[PDB]
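Inspection log for the structure reproduced underneath, given as structure tokens.
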2 protein chains.
Amino acid sequence: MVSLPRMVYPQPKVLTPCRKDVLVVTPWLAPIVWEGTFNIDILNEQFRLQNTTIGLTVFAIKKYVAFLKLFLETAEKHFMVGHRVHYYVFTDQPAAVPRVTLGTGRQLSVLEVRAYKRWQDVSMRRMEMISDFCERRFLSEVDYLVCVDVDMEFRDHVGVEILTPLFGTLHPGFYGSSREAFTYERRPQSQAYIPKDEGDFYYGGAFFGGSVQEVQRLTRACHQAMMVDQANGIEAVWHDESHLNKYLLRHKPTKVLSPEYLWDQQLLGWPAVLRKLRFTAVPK
Amino acid sequence: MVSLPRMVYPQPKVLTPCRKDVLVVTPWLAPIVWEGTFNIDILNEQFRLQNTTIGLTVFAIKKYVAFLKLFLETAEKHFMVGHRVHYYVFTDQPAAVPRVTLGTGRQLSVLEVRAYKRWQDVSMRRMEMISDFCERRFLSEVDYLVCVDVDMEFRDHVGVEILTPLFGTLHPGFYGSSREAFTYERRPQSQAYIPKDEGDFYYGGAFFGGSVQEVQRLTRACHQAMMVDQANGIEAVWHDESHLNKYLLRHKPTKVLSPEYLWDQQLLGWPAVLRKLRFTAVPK
Ligand SMILES: O=c1ccn([C@@H]2O[C@H](COP(=O)(O)OP(=O)(O)O)[C@@H](O)[C@H]2O)c(=O)[nH]1
Ligand SMILES: O=c1ccn([C@@H]2O[C@H](COP(=O)(O)OP(=O)(O)O)[C@@H](O)[C@H]2O)c(=O)[nH]1
Ligand SMILES: [Mn+2]
Ligand SMILES: [Mn+2]
């Protein structure tokens with residue numbers, strides 16, 4: 001990496017934590033990203049100097065096309081502003097994608113794919129489709145991939161602080177829960193099985209990412225695991241999210257995002273521990 | 001990575017920090033390594049699965065050969081035990097290197113180099129010498145390089161928790177100090193110059209490291225800066241440490257080690273904030 005320029009900002013204080021109310025590093029030394037833990041000016045410098053391109057995948061199959069306008073418009077206000085962004089919209093209805101005005105250095109591609117009848121299958125098949133397009137396109141077109149649900153909107157900054165070889169996001173329903181309470185797949189017959197004495201966190205299927213290489217590996221593995229389960233007459237309790245959790249248990253993420261990055265205010269309010277609500281559920 | 005095996009350990013608690021008394025992550029999201037922040041079993045698994053080899057460089061020029069016996073014997077007890085280790089002892093007196101019994105998977109190489117007259121030159125020229133041998137040997141022989149002073153002994157675990165592309169260590173004299181008090185080079189004529197309003201930390205010249213590529217970059221850059229200074233007729237106030245600090249200001253380390261890793265118990269005692277004293281000064 002090339003040198004940063006002179007910058008003036010508050011000195012970090014070794015004997016003064018940024019946050020004392022939350023865990024800010026995992027036991028494998030991956031940062032857990034909360035507001036107050038990062039200086040976004042330093043991080044922007046680091047990633048801009050490397051001319052980073054970020055891909056964002058989103059699936060808008062069947063009626064879910066209705067979520068695209070707000071998803072994309074709010075993404076324009078909050079997601080990686082100042083950096084190169086390439087949106088990839090996976091849909092069975094190219095003509096139904098709204099014409100959203102994009103900022104400079106940002107582009108959008110529509111990837112036409114099949115629709116599945118069951119929402120579970122639409123959700124699950126994202127793994128296969130992302131993996132497939134890593135090979136077809138993403139490896140050549142972007143440096144990182146961020147893979148999210150479409151039934152969401154950005155309300156605050158989501159930026160290069162999340163970028164790392166592999167990240168998961170704390171599910172907003174479980175961040176304060178004991179591992180026994182996590183809704184991992186519990187049947188040993190399933191490839192997603194995690195027993196009650198294992199597990200670090202419950203990650204949300206709605207927001208993960210990393211380098212293209214790591215996301216390719218993750219999505220390929222989750223898809224293969226789902227195909228094995230299918231052959232064994234089993235479907236994991238929480239579908240792709242169950243498999244995501246099994247993957248990230250055994251392949252530790254190099255950053256973990258706090259629930260600021262995946263929230264539902266209707267269901268969970270605005271707890272003191274959340275200084276910002278960045279990416280939130282839209283009522284559906 | 002390849003998958004980790006099933007492991008049983010206590011669950012990380014999102015709403016319960018491991019350490020509330022110290023900063024455990026930098027504003028650029030690099031872990032600051034303190035006892036309690038890492039699970040060494042997880043980390044050992046990760047690095048052993050990668051067949052990691054760690055190089056350790058140490059200079060024992062002139063009278064400093066006296067320190068080698070204790071340095072090496074204690075390294076055998078505490079440094080990277082269980083992993084492949086390659087010691088590189090730089091000396092003007094190959095015959096004076098004590099014969100120290102090494103554990104399996106550990107090797108020692110004696111590198112014969114010139115002895116400079118001025119201690120300042122001895123200390124400063126380590127940068128050139130490390131950089132030269134990165135090309136000569138380290139690139140093909142080790143994955144990471146750890147570069148330390150010889151007038152030291154290991155007293156507790158120093159392991160794979162430190163490994164990362166680039167690391168510096170908090171100097172024990174300044175970890176609680178404001179940047180204005182840091183003994184950076186303050187003369188603008190010097191390549192190591194840092195203004196009073198810049199600076200994250202004061203890093204110790206006695207303990208830094210990283211991937212071979214990053215250590216080659218750092219040591220080459222510091223040597224070049226020193227040569228420019230020499231041509232301009234100036235020598236930085238704290239020699240190689242001043243240049244190391246300039247380098248790490250502009251090239252942020254991906255981990256920072258706490259003063260557990262670089263201490264002087266005679267001068268500073270054993271404060272409560274240090275749960276372990278791992279690598280400590282030998283009186284001289
Ligand atoms: O008919 C569907 C069902 C699902 N999805 C995609 O699959 C994601 C996950 O589904 P959903 O959001 O309904 O799951 P939930 O958040 O309720 O767990 C959605 O965001 C969409 O991106 C879709 O496009 N069309
Ligand atoms: O005559 C010398 C002077 C320096 N050194 C090496 O340079 C390092 C830095 O010097 P020193 O330890 O004296 O610096 P200090 O810790 O006192 O700042 C030493 O640990 C030795 O490894 C050496 O080998 N011989
Ligand atoms: Mn959703
Ligand atoms: Mn020393």
Side-chain angles (χ1 to χ4, degrees), chain A residues 56-68 71 88-93 96-97 113-127 129-130 147-153 171-173 183 204-207 237-242 244 262-264 267 279-284, chain B residues 56-68 71 88-93 96 113-127 129-130 147-153 171-173 183 204-207 238-242 244 262-264 267 279-284:
Chain A
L56 181 57
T57 65
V58 63
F59 289 71
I61 300 285
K62 293 184 295 188
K63 296 215 155 199
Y64 279 63
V65 285
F67 292 107
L68 283 164
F71 177 93
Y88 297 99
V89 175
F90 288 85
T91 182
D92 63 322
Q93 301 157 84
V97 178
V113 293
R114 57 157 308 173
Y116 285 84
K117 190 174 81 167
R118 286 172 73 249
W119 65 271
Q120 297 95 333
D121 286 313
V122 178
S123 187
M124 283 180 309
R125 292 291 181 158
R126 297 183 296 170
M127 295 300 185
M129 299 186 181
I130 292 164
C147 303
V148 297
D149 279 15
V150 74
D151 59 327
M152 303 291 289
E153 62 176 323
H171 188 295
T183 56
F207 197 156
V237 59
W238 291 106
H239 321 106
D240 42 297
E241 182 170 272
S242 296
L244 175 61
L262 181 56
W263 196 253
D264 186 331
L267 285 185
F279 184 58
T280 63
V282 176
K284 76 179 188 294
Chain B
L56 180 61
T57 67
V58 66
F59 287 73
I61 302 295
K62 290 184 284 187
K63 178 184 199 177
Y64 283 69
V65 287
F67 295 105
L68 278 172
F71 176 94
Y88 297 100
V89 172
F90 290 78
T91 184
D92 63 319
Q93 296 154 87
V113 294
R114 307 190 206 104
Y116 289 86
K117 295 178 184 304
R118 295 171 66 247
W119 68 266
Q120 299 92 332
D121 287 315
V122 179
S123 184
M124 296 177 67
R125 289 278 177 163
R126 294 182 295 169
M127 295 297 194
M129 290 181 178
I130 292 161
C147 305
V148 298
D149 277 20
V150 74
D151 61 319
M152 303 291 293
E153 64 176 318
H171 187 295
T183 60
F207 196 158
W238 290 109
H239 317 104
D240 39 297
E241 175 171 277
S242 298
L244 173 67
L262 183 59
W263 197 250
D264 181 327
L267 284 183
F279 186 57
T280 63
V282 173
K284 73 188 188 287

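In each ligand, atom 1 is the first atom listed, and ligand 1 is the first ligand listed. Only heavy atoms go into these numbers, but all of them, side chains included; no hydrogens, no water, no symmetry mates. Every chain is numbered from 1, with letters handed out A, B, ... down the list of sequences.
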(message) Within the 4.5 Å heavy-atom criterion, are B:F59 and B:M129 side-chain neighbours or not?
(response) yes
(message) Strictly under 4.0 angstrom, heavy-atom based: which residues surround ligand 2?
(response) B:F59, B:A60, B:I61, B:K62, B:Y64, B:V122, B:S123, B:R126, B:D149, B:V150, B:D151, B:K284
(request) Take the Mn ion (ligand 4) as the centre and count protein N, O or S atoms at distances under 2.8 Å. (result) 3
(request) Run the salt-bridge test on B:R114 and B:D121 with the 4.0 Å N-O cut-off and return the result as yes or no. (result) no
(message) Tell me the closest heavy-atom pair linking B:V65 and B:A60, and the distance in Å.
(response) CG1-O, 3.3 Å
(request) Give, for atom CG of B:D240 and atom CD of B:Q120, the distance between the pair rounded to the nearest 0.5 Å. (result) 10.5 Å
(request) To the nearest 0.5 Å, tell me how far A:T280 OG1 sits from A:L267 CG. (result) 11.5 Å
(message) A side-chain contact here means heavy atoms from C-beta on lying under 4.5 Å apart; do A:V148 and A:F71 qualify?
(response) yes
(request) To the nearest 0.5 Å, tell me how far B:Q93 CD sits from B:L68 CG. (result) 9.5 Å
(request) Specify whether B:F207 and B:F279 have parallel, tilted or perpendicular ring planes, treating 30° as the upper limit for parallel and 60° as the lower limit for perpendicular. (result) perpendicular
(message) For a quick test of reading the model, state the closest non-hydrogen atom pair linking A:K62 to A:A115 and the distance between them.
(response) CG-CB, 4.1 Å
